Amino acid sequence: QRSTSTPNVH
Amino acid sequence: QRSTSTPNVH
Amino acid sequence: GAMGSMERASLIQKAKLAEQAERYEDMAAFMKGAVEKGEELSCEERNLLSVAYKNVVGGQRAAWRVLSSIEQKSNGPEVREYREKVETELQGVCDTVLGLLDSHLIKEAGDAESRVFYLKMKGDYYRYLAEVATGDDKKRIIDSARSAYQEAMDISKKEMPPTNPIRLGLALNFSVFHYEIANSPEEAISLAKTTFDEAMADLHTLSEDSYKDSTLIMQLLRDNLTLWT
Amino acid sequence: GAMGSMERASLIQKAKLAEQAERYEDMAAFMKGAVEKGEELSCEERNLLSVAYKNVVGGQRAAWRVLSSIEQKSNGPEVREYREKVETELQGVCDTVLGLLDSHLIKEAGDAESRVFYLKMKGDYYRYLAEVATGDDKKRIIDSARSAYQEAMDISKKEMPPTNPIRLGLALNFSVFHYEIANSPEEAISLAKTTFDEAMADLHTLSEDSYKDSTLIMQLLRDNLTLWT
Ligand SMILES: *CC(=O)NCC1CCN(S(=O)(=O)c2ccc(Cl)cc2)CC1
Ligand SMILES: *CC(=O)NCC1CCN(S(=O)(=O)c2ccc(Cl)cc2)CC1
Ligand SMILES: [Cl-]
Ligand SMILES: [Cl-]
Ligand SMILES: [Mg+2]
Ligand SMILES: [Mg+2]
Ligand SMILES: [Mg+2]
Ligand SMILES: [Mg+2]
Ligand SMILES: [Mg+2]
Ligand SMILES: [Mg+2]
């Protein structure tokens, strides 16, 4: 696991 | 489901 | 071509890197370049060629089906225009494959394996064109597909054991042609069932280095038969 | 541009079709064309723009990381050459986004929402360049990223509730910048924890139309903190 950034939604 | 054809392998 | 200055072995190497990176357009481009060097492809190289272009055209077919579904579900020009843009792209990829097959890969000599695989590949990509074709072009595409599959079938029956994966995959894909493109559900069920039954009858012909591929196709044959019955 | 002759509304429509078809390069192309008409983007249109380009550059970053890993794991020119080809492509997409942001989207007027989102977007795509940059360009890219994130942070703290999704997503992405690009693990943990704690303290400010987005980012903040501790 690396750092999680903002995902895509809708 | 539609008909299944040859898949990709390796 | 854009790959003309690159050494064949570097092209093969890079297609393998692109497969690892899931860059299937690049992978397809590298393999086209390899094919254009004019030498025959090994089994591993044929798999690279097959995997790359099937991945490209698979994404295009899936896109086309979504847009076609939306188009018919609304039956402005936007959906039809965008569907034709994807369809034109898809046809361009199929023409590229079929051109490589005619200009370089399909020959009278060489392996039965190699000769069956390229004729199957010619059958598939005509079938992909047939999926999006209409009218004064449709039945002509359907017959080029049938004709290529049939030649591959004759050779495979004569020269390959009935569990050979190319022979099985070809038979699976011809039966899909029958059921979806030719609208011959009987021919489809009859080819698929024969192929599966002859495979089990000569199950002892499984190869040490391809039996996982063989048994996968046999299951997919049974999946299609369950669906079709 | 190739979209200059198409009406803005048709461009928006087609970007939505392309999203449905998972054609994110097309989707990005349509949205660029929409942006170049010179009018402001609504919230829904900003999401289309964001989703399209993040999908494009996401596939490129994932490809680059596979090839970089292979490159270092072997430390011929093929791996380095192919990695630079993907890297050059990735930089070209980031430049396209950053150019759209400067030429068209980033303004002094308009929504706080819109102004924060574009500065966050500028921060992200400089961060993506910073991931593949070296030397006399790296620290200059890092500072353009930090500078854009910081301006977005000042505005968001002044003008948005602490549960606003743009404010949260910005803070999440700045903290990822701190931890991965700036190598400031303390600043990362301190920003993420503050952002999460202030979000819970003013939990009542959740919006009816975006609370699912807000609570998702809050969880991702907690995921990063668990990872980093
Ligand atoms: C060894 C060789 O000649 N080529 C590898 C080929 C890849 C494509 N197949 S296939 O499309 O017939 C097929 C068959 C079975 C499975 Cl599981 C996948 C693909 C022929 C061999
Ligand atoms: C309404 C609006 O201005 N735009 C929609 C934006 C899409 C991009 N985000 S974000 O990248 O900040 C984000 C935040 C939260 C989640 Cl779950 C995904 C993306 C801002 C709003
Ligand atoms: Cl179009
Ligand atoms: Cl290259
Ligand atoms: Mg050579
Ligand atoms: Mg057409
Ligand atoms: Mg027997
Ligand atoms: Mg207009
Ligand atoms: Mg470079
Ligand atoms: Mg409170």
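Below, chains carry the letters A, B, ... as their sequence lines are ordered, and counting in each starts from 1.
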Nearest non-hydrogen partners of D/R167 and D/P161, listed with the distance: CD-O, 3.3 Å

For residues D/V51 and A/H10, determine if any side-chain heavy atom of one lies less than 4.5 Å from a side-chain heavy atom of the other. no

Not counting sequence neighbours, list each pair that qualifies as a salt bridge (charged side-chain N to carboxylate O under 4.0 Å, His left out) and has a residue in residues 82-95 of chain C. C/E71-C/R83, C/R80-C/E84, C/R83-C/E87, C/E89-D/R23

State whether the side chain of D/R115 and the backbone N or O of D/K107 hold a donor-acceptor pair below 3.5 Å, judged by distance alone. no

Presence of salt bridge, D/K37 and D/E7, under 4.0 angstrom: no

With D/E45 as partner, the option from D/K16, D/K32, D/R8 fulfilling salt bridge (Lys or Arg N to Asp or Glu O under 4.0 Å) is D/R8

Per the salt bridge (charged side-chain N to carboxylate O under 4.0 Å, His left out) rule, what does the pair list look like for residues 61-70 of chain C, sequence neighbours excluded? C/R61-C/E131

Sequence neighbours excluded, the answer for salt bridge (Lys or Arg N to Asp or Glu O under 4.0 Å) partners of D/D143 is D/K139, D/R146

Quick one: which residue pairs count as a ring pair (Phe, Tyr, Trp, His ring centres under 6.0 Å) with a foot in residues 106-129 of chain D, not counting sequence neighbours? D/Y125-D/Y128

Does D/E40, at its CD atom, have more than 12 non-hydrogen atoms belonging to other residues, nucleotides or ligands within less than 6.0 Å? no

Distance-only, no hydrogens or angles: does the D/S144 side chain make a donor-acceptor pair with backbone N or O of D/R140 under 3.5 Å? yes

For C/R46, does its backbone N or O pair with a side-chain atom of C/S50 as donor and acceptor, under 3.5 Å? no

Could you check whether any side-chain N or O of D/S114 sits under 3.5 Å from a backbone N or O of D/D111, counting only pairs where one atom can act as donor and the other as acceptor? yes

Considering only residues two or more places apart or on different chains, which pairs with a residue in residues 17-76 of chain D satisfy ring pair (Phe, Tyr, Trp, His ring centres under 6.0 Å)? C/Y82-D/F30

Going by salt bridge (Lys or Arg N to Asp or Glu O under 4.0 Å), name the residues that satisfy it together with D/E81, two or more places apart in sequence or in a different chain. C/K14

Within a radius of less than 6.0 Å around CD of D/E159, do more than 12 heavy atoms belonging to other residues, nucleotides or ligands occur? yes

Quick one: does A/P7's side chain get under 4.5 Å of D/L216's, heavy atoms only? yes

D/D26 side chain to D/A18 backbone, donor-acceptor under 3.5 Å: no

Using the salt bridge (charged side-chain N to carboxylate O under 4.0 Å, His left out) rule, take D/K120 and D/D124 through it: C-alpha gap first, then chi angles, then the decisive distance, then the call. CA-CA 6 Å; D/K120 164 193 179 300; D/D124 290 337; 2.8 Å; yes

Salt bridge (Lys or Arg N to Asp or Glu O under 4.0 Å) partners for D/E187, two or more places apart: none

Per the salt bridge (charged side-chain N to carboxylate O under 4.0 Å, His left out) rule, what does the pair list look like for residues 210-221 of chain D, sequence neighbours excluded? none

Could you walk me through whether C/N224 and B/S3 pass the side-chain hydrogen bond (donor to acceptor under 3.5 Å, both in side chains) test, one step at a time? CA-CA 6 Å; C/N224 278 347; B/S3 292; 4.5 Å; no

Is the closest side-chain heavy-atom distance between C/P165 and C/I217 below 4.5 Å? no

Using the rule given for side-chain hydrogen bond (donor to acceptor under 3.5 Å, both in side chains), can you reason through B/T6 versus C/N173, listing the C-alpha separation, both sets of side-chain angles and the distance that settles it, and then say yes or no? CA-CA 6 Å; B/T6 279; C/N173 282 16; 3.3 Å; yes

In residues 97-105 of chain D, what donor-acceptor pairs under 3.5 Å come from side-chain atoms, sequence neighbours left out?
from: D/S103; atom 1: OG; to: D/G99; atom 2: O; distance (Å): 3.1

Around atom CD of D/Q219, are there more than 12 heavy atoms of other residues, nucleotides or ligands at under 6.0 Å? yes

Quick test of your reading: applying ring pair (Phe, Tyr, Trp, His ring centres under 6.0 Å), list the pairs with at least one residue in residues 135-193 of chain D, sequence neighbours left out, ordered by first then second residue. D/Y149-D/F174, D/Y149-D/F177, D/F174-D/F177, D/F174-D/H178, D/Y179-D/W228

Residue list, salt bridge (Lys or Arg N to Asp or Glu O under 4.0 Å) with D/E19, at least two apart or on another chain: none

So which pairs with a foot in residues 191-203 of chain D pass side-chain hydrogen bond (donor to acceptor under 3.5 Å, both in side chains), sequence neighbours left out? D/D202-D/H204

Backbone N/O of C/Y211 and side chain of C/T215: donor-acceptor pair under 3.5 Å: yes

Exam field: side chain D/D223 to backbone A/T4, donor-acceptor pair closer than 3.5 Å: no

Counting distance only, does the side-chain N/O of D/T163 pair as donor-acceptor with the main-chain N or O of D/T205 below 3.5 Å? yes

Closest non-hydrogen contact found for C/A63 with C/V86 is CB-CG1, 4.0 Å

So D/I12 and D/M31, do their side chains get closer than 4.5 Å, heavy atoms only? yes

